[PDB]
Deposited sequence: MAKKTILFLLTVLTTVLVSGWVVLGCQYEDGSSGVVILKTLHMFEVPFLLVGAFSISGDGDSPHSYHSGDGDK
């Protein structure tokens, strides 16, 4: 099933956002803060009066 993969991706993303707890010394965390953009939002009978 692909459900596990989707869940794993979500958990990893959450860990990345909330794993800002040790900042080294961060050489990636501030980059992560400024470098991403929003995703793009996901994707009868006609009549006709014949006269002229």
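Taking the first deposited residue as 1, the stretches without any C-alpha atom are 1, 27-33, 52-60, 70-73.
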